[PDB]
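In each ligand, atom 1 is the first atom listed, and ligand 1 is the first ligand listed. In what follows, chains carry the letters A, B, and so on, assigned in the order in which the sequence lines appear, proteins first and then strands, with residues in each chain numbered from 1. In what follows, every heavy atom counts, from backbone to side chain, and hydrogens, waters and symmetry copies are set aside.
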Amino acid sequence: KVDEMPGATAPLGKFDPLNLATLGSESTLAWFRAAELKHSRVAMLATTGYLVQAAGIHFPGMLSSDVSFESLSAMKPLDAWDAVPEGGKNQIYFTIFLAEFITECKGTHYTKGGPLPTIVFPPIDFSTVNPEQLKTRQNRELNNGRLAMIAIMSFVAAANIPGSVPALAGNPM
Amino acid sequence: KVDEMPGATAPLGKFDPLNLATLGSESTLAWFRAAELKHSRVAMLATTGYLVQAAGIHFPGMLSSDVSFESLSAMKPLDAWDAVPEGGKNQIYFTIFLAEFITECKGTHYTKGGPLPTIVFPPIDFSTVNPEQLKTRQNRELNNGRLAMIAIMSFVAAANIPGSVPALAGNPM
Amino acid sequence: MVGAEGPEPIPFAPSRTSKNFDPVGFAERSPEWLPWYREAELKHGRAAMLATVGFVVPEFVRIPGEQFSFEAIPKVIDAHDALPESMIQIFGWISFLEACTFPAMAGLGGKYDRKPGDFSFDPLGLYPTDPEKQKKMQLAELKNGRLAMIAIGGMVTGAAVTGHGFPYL
Amino acid sequence: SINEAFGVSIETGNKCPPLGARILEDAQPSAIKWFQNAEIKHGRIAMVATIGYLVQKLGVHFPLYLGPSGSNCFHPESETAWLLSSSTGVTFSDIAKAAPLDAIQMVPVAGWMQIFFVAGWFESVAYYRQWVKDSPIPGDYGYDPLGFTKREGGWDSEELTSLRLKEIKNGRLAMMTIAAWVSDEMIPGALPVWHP
Amino acid sequence: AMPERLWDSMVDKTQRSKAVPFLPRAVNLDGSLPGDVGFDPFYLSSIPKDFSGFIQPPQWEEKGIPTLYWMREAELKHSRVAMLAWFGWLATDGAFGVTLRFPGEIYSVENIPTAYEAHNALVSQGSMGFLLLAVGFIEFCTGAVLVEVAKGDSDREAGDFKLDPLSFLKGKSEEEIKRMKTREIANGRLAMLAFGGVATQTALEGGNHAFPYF
Ligand code: CLA
Ligand code: CLA
Ligand code: CLA
Ligand code: CLA
Ligand SMILES: CC(=O)O[C@H]1CC(C)(C)C(=C=C/C(C)=C/C=C/C(C)=C/C=C/C=C(C)/C=C/C=C(\C)C(=O)C[C@@]23O[C@]2(C)C[C@@H](O)CC3(C)C)[C@](C)(O)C1
Ligand code: KC1
């Protein structure tokens, strides 16, 4: 339901001016909920994966046979994506392609009230963690993703339009 | 019940999105069961029977009267099929042809609830083992065959279309 | 004449009217042929309405293809004899539709429940709800068909005489 | 047809359109609804052709990439060119460099069949779910991936009757919208406001 | 013309066919058989002749098959042969990726380049003559049943043989069986016209012999 939902914090509460949670059924809202959950986790890894890849952290050794980690000394972090070879870019997608399956092939899919997407590698046992303090974390998980979804769009717009962002345009990227 | 049986493991559980176990009767599902059991055992022997001799394992002596084991020094393991002579390629099928009979001529066929294909020549009695530990082994047997059914198709596609498989195309075969 | 509609106030140019038009009396002589006559009059009118606009559009449009073109054929009166691979073919498919019509013709009259001309052909849904508009609806098809029967007999005969464009003048 | 045509709202005159009422004010439940199906369907092509022309006139193509080496709105000039056809050698990138009324003919014949087969198959499951199964509601198929139509009320909900009313008008916009856009390329200077 | 017409005992002037709503429904059509929309514009189901006479002559004994029953039995056999023949015609042509051919030189690409010349080439060899005898045995062992049903001594459905080796339908509700049966008919109908297409084009003046035959 709209209420008793993690993601509704103090400074706004229920933030839905254009009434999108009402727009479908209950199964519709569960799709948007784990969308924002997944949009967060991609953007949190891409925002943090932008800040390093820009200060020179630099894995020692060779990435592949001749295209070793010189991708950090000069090119921007928005680049070094075509510099990664095809067989290297391929196993990235396919580990993701596998990870999208256990996400979908649970006993109960989450739009039918089932659980949100969990870890594939190393599950252990999970949020048997004191459900009062569980609700505080899922607010912390989504809000950091909310901030990261804006921030990764800031990082793209700075790399395309110079001067599109004031206290951020004076940064070598 | 598809979930409670040999072959339903942790990361997927009951894996049947297009509902094929429901498609026939209980006799239908028993046919698909021992198909996958037999598809596994052929693919496990063909995947393994491919790796080895691609590395030069090389039976000493002569295969037949003049067509001795030079079939491993040069030709790919997908080849050395027509190099095996006809009388050699004949005994292979007929030992199989004979092995497909005891498989079919049991007191109770398997689609009528009978036992699945048992070892034809050395019939060590297998009735005794703890059936808890037995269920773990038939999950191990099928999953290794599931992986081998994909892998033997990888080995064919690499031998036909170069570059069809990234971290496997740089392999002399 | 009664029930079966069609005679209505349109003055003929000689000093008579079409309020009940049957000069030589086909209604009173052999009235068992009346369902065959209406069914004939319709099929002659339907094919004449289509062939009227069928002469309109092949002046300015010409569907993509080398076999018929202005450079291939300038005079649309000659599309009959110079595209015979399309001529037998249209003839072949009409014979499939005319052949499923036989058993409707074989019980044309009192034996089968249907009125002549009345296919169950309304995909779009435009035949109205009540008699006042329905009889007016069937009447407008009759006159438009009859205006189109006499039309193309003047269009095609005109083009052999004048050899000109579309209003022939 | 009348007030209960459901596509009627405040920014035109009341119940029926003045010029196009008269064909439907006498006809059937079948004719009113069959024209309601077209206007929904003509909108659905126009709601998509609006954006297929937006994306074409920009020039962004399939190696979608947010920044200054691949295809975005800002730099639709990607460095990596993939390959559309593999028998005639036309690529994804050179279609974007042509005019939108010229870029259509660059698609080869393998494409035009497979568009037409999938669209023809969706149009056959179209015809079954509605005219045989008698949905009391037009434009109404089983196509709902996210399940918007399984809520507490169903088809009588105010949010559902809103969106049908919202969809037709956005289709109504888009039909007028793409037609003024096709006009501007065939004759230059046809709609002089903001978009050529 | 003053006898009672033959149009009345076989035309049913009360209802109308689902297919072609302007014609009345043929008397032997129902909704009973699978794949039925009342489609019979030439009223073939209505012919009051015993078509089991072709197998066994009518002078052998009293006997009569329903005309509708013999048609369904034909249409199923026309369906089955055409589903395999269209599939087998393309598969030996390499339309599914692999040029599927029997082992041995005689059935290879060099002696037979495509399926279009396989009938005349195999007929001279004899492999064609052998298959004629092998079908002949089956037909003779399966066409005697038509006689039994025509004598009223059997309750077997048309085209029904106890051929379900994988047990698709054992214990299925009549709704489930009817739907499955409709699939034999609808896919069979499409494949009767598919084979008629492929065999026709491939024999005109142009027309290739590739997977696509246009
Ligand atoms: C063998 C290494 C390995 C592999 C193949 C995976 C695979 C995967 N992880 Mg993962 N993970 C790993 C290690 C690994 N993990 C470890 C050690 C942890 C800490 C417990 C996690 C924690 C974790 C989380 C929190 C999440 C995943 C997720 C995923 C899935 C998608 C992400 C992806 O592409 O990661 C593939 C690439 C990984 C590059 C990087 C990790 C590889 C490490 C560095 C290997 C070295 C660790 C080593 C085994 C430990 C040394 C001791 C050893 C002797 C045992 C995918 C199935 C996501 C998911 O939802 O489903 C899994 C997700 O959210 N992982
Ligand atoms: C072949 C076409 C054809 C047919 C079958 C009919 C059939 C019919 N018309 Mg009709 N009609 C036609 C064309 C046709 N019409 C045309 C072109 C006009 C416009 C002038 C009319 C105008 C007309 C009126 C105004 C009325 C009818 C009516 C009728 C109905 C009763 C009359 C009757 O049975 O005579 C038809 C019987 C025939 C055998 C058809 C006549 C064919 C003749 C024998 C051809 C001889 C040559 C002919 C004079 C053409 C001259 C060209 C040249 C050779 C000199 C009947 C259903 C009446 C009605 O609706 O009744 C309810 C009525 O009031 N008709
Ligand atoms: C082909 C597209 C199409 C179709 C099938 C319909 C169909 C319908 N509209 Mg509709 N409409 C359309 C496009 C279309 N519209 C567009 C583009 C707009 C925006 C201007 C509107 C705005 C509109 C309003 C505001 C309303 C409707 C309504 C209706 C319904 C009753 C009116 C009628 O009989 O149709 C109209 C007649 C036709 C579609 C006949 C075809 C037109 C001829 C053959 C060609 C015309 C082309 C024209 C010359 C191009 C120039 C455009 C012009 C503006 C300059 C009916 C369901 C009403 C409704 O929902 O009633 C319940 C209603 O209130 N329409
Ligand atoms: C209508 C079906 C049909 C027919 C008449 C043929 C006919 C032919 N095929 Mg063919 N084929 C078919 C379907 C068919 N195919 C299908 C469905 C496949 C794919 C699974 C193939 C795969 C195939 C290959 C791979 C090749 C042919 C070849 C040939 C040619 C020589 C074969 C020969 O002489 O018989 C020899 C074969 C037999 C005698 C097999 C036994 C057939 C039995 C007796 C039929 C009766 C069982 C039947 C299934 C019905 C069951 C009973 C019923 C009541 C249910 C000949 C033109 C060859 C050729 O020349 O290629 C160009 C060739 O190499 N076919
Ligand atoms: C060279 C060599 O060695 O081998 C030779 C051997 C040999 C034997 C000599 C050869 C041959 C001869 C062959 C193969 C002959 C095959 C002939 C064949 C198979 C001919 C099918 C016709 C199907 C038709 C006409 C269907 C029409 C369909 C019609 C007319 C309809 O109206 C359909 C339709 O109305 C329905 C029913 C209702 C609607 O729902 C849909 C519509 C309205 C459209 C070959 C091929 O040359 C190869
Ligand atoms: C185009 C296809 C067509 C065929 C193929 C066909 C064939 C037969 N018609 Mg027929 N037919 C029409 C169409 C066709 N008829 C039309 C348009 C009319 C109206 C003009 C028409 C009129 C009559 C009358 C008045 C009688 C009649 C009969 C039979 C009869 C059986 C003969 C027998 O076996 O004895 C056969 C085979 C008679 C009957 O039932 O009793 C003896 C009978 O009086 N028909």
Side-chain angles (χ1 to χ4, degrees), chain A residues 34 37-38 40-42 44-45 49 59 88 91-104 106 115-124 126 141, chain B residues 11, chain C residues 1-13 16-48 95 98-109 111-112 115-117 135 138-139 141-154 157, chain E residues 1-11 41-44 46-49:
Chain A
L37 192 277
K38 189 182 284 185
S40 66
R41 292 177 180 176
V42 177
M44 287 184 280
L45 294 173
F59 290 115
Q91 297 177 354
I92 295 168
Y93 293 163
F94 287 170
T95 304
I96 293 166
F97 183 73
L98 190 150
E100 295 292 329
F101 289 163
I102 298 176
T103 299
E104 294 293 327
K106 297 294 188 181
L116 292 175
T118 61
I119 201 178
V120 164
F121 193 89
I124 322 131
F126 274 107
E141 181 176 4
Chain C
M1 297 296 292
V2 65
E5 58 90 15
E8 293 295 327
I10 297 93
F12 187 63
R16 214 65 137 316
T17 187
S18 66
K19 182 62 66 67
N20 289 316
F21 182 77
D22 190 0
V24 298
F26 293 105
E28 60 87 20
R29 56 222 293 202
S30 68
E32 294 294 328
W33 279 70
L34 190 283
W36 183 259
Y37 291 164
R38 162 60 82 235
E39 180 69 28
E41 184 180 4
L42 290 175
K43 188 183 285 185
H44 269 83
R46 267 131 182 201
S95 67
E98 293 292 329
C100 302
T101 301
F102 275 149
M105 296 297 175
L108 184 61
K111 291 176 75 63
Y112 182 69
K115 295 181 176 66
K135 294 180 176 67
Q138 294 179 356
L139 178 62
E141 184 181 0
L142 293 177
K143 294 184 190 181
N144 290 317
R146 289 176 184 173
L147 183 61
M149 291 181 191
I150 192 67
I152 191 166
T157 301
Chain E
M2 62 178 291
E4 169 103 16
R5 279 184 65 161
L6 236 13
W7 182 97
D8 306 294
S9 66
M10 75 196 221
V11 173
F42 287 175
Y43 296 90
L44 272 16
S46 296
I47 297 169
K49 277 186 176 327

- Element-labelled atoms of ligand 2 that are located less than 4.0 Å from some non-hydrogen atom of C/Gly6: 60 (O)
- Main-chain N/O of C/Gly154 paired to C/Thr157 side chain as donor or acceptor, under 3.5 Å: no
- Would you say C/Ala27 contacts ligand 2, with heavy atoms under 4.0 Å as the rule? no
- Query: Does OH belonging to A/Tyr93 count more than 12 external heavy atoms closer than 6.0 Å?
  - Reply: yes
- Would the number of heavy atoms belonging to other residues, nucleotides or ligands and lying under 6.0 Å from CZ of C/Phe102 be above 12? no
- Message: Side chain, backbone, both or neither: which applies to C/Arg38 and ligand 2 if a contact is any heavy-atom pair less than 4.0 Å apart?
- Response: both
- With sequence neighbours excluded, residues passing side chain to side chain contact (heavy atoms under 4.5 Å, CB included) with C/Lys43: C/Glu98, C/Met105
- Task: Answer yes or no: is there a donor N or O on one side and an acceptor on the other, between the side chain of C/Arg146 and the main chain of C/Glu141, under 3.5 Å?
- Result: no
- Item | Neighbour count >12 (heavy atoms, 6.0 Å) for atom CZ, A/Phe126 | yes
- Task: Might you point out which heavy atoms bring C/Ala99 and C/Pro103 nearest each other, and give the distance in Å?
- Result: O-CD, 4.1 Å
- Examine distances only and state if a side-chain atom of C/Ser18 and a backbone atom of C/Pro7 form a donor-acceptor pair shorter than 3.5 Å. no
- Note on the structure: For C/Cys100 and E/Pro41 the tightest heavy-atom approach is SG-CB, 3.5 Å
- Using a 4.0 Å heavy-atom threshold (strictly under), name the region of C/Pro7 that reaches ligand 2: side chain, backbone, both or neither. both
- Query: Is any N or O atom of C/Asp22, backbone or side chain, closer than 3.5 Å to an N or O atom of ligand 2?
  - Reply: no
- Query: What do you reckon, is CD of A/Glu104 surrounded by more than 12 foreign heavy atoms closer than 6.0 Å?
  - Reply: yes
- Below 4.0 angstrom from a heavy atom of C/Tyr37, which ligand 2 atoms are there? Numbered from 1 as shown, please. 5 (C), 7 (C), 34 (O), 57 (C)
- Message: Below the 3.5 angstrom mark, is there an N/O of C/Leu34, backbone or side chain, next to an N/O of ligand 2?
- Response: no
- Query: Taking everything shown except C/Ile150 itself, do over 12 heavy atoms lie less than 6.0 Å from its CD1?
  - Reply: no
- Query: Are any of the side-chain heavy atoms of C/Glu28 and C/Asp22 separated by less than 4.5 Å?
  - Reply: no
I'd like a table of donor-acceptor pairs (distance under 3.5 Å, sequence neighbours excluded) in which one partner is a side-chain atom from residues 30-39 of chain C, with atom names and distances.
residue: C/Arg38; atom: NH1; partner: C/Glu41; partner atom: OE1; Å: 2.4
residue: C/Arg38; atom: NH2; partner: C/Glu5; partner atom: O; Å: 2.6
residue: C/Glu39; atom: OE1; partner: C/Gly117; partner atom: N; Å: 2.4

- Message: Polar contacts were defined as any N/O atom of the residue lying under 3.5 Å from an N/O atom of the ligand; does this apply to C/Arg146 and ligand 2?
- Response: yes
Short N or O separations between ligand 1 and the protein, below 3.5 Å:
residue: ligand 1; atom: 60 (O); partner: A/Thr118; partner atom: O; Å: 3.3
residue: ligand 1; atom: 61 (O); partner: A/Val120; partner atom: N; Å: 2.5

- Note on the structure: Near ligand 6 (heavy atom, under 4.0 angstrom), the protein residues are C/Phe102, C/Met105, C/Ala106, E/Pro3, E/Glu4, E/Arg5, E/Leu6
- For ligand 2, which atoms sit closer than 4.0 Å to a heavy atom of C/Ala4? 62 (C)
- Do NZ/NE/NH1/NH2 and the carboxylate oxygens of A/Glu141 and A/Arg41 come within less than 4.0 Å? yes
